[PDB]
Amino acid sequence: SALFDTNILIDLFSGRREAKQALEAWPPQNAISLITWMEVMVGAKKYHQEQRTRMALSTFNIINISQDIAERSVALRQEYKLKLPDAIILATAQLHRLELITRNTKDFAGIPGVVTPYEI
C-alpha cells in the first residue's frame, strides 16, 4: 500500500536492518518506480547479484511512466524545486495514491503523503 524510494532498497541490499523494518512496516503489494528499478539494478551488476536482485524486485509492483506521470512530474518539479527523478517518483506515488517512503528529508520535507522511516 506504499511506494518505496531507491535509497531504502539500496540500504536493504546493503544489509541495513533499518531498511528491513521499513518494508515490514508496510503491507505487501508494495510498489516502486521503474526508475528505482533501474537505479537498483545498476548496483546489482556492480556487485554481481543481478539475477537474485531481479527476483526480489519482481515482488514489487513496478510502475512504468505513463504520460499522466510525465505531466505531473513536470508540474511537481517547479512547485517543489525538485530534481526530475525525484519528481517522477513523487508523481508516481500521487497518481496511484500511495505514500512515498524515503530517507530524503532534505528535498521532501513539508510535502504531504511522504514518510521518512529512519535516518541513521
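Start at 1 and count along the sequence shown; that's the residue number.
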Select one of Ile62, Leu90, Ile35, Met55: the residue whose C-alpha shows the highest B-factor in the crystal structure entry.
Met55
CA B-factor placement of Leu3, once the chain's modelled residues are sorted into thirds
lowest
Would you check the entry's CA temperature factor for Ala109 and let me know if it's in the chain's lowest, middle or highest third?
highest
Which third of the chain does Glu79 land in by C-alpha B-factor: lowest, middle or highest?
highest
Third of the chain, ranked by Cα B-factor, where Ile69 sits:
middle
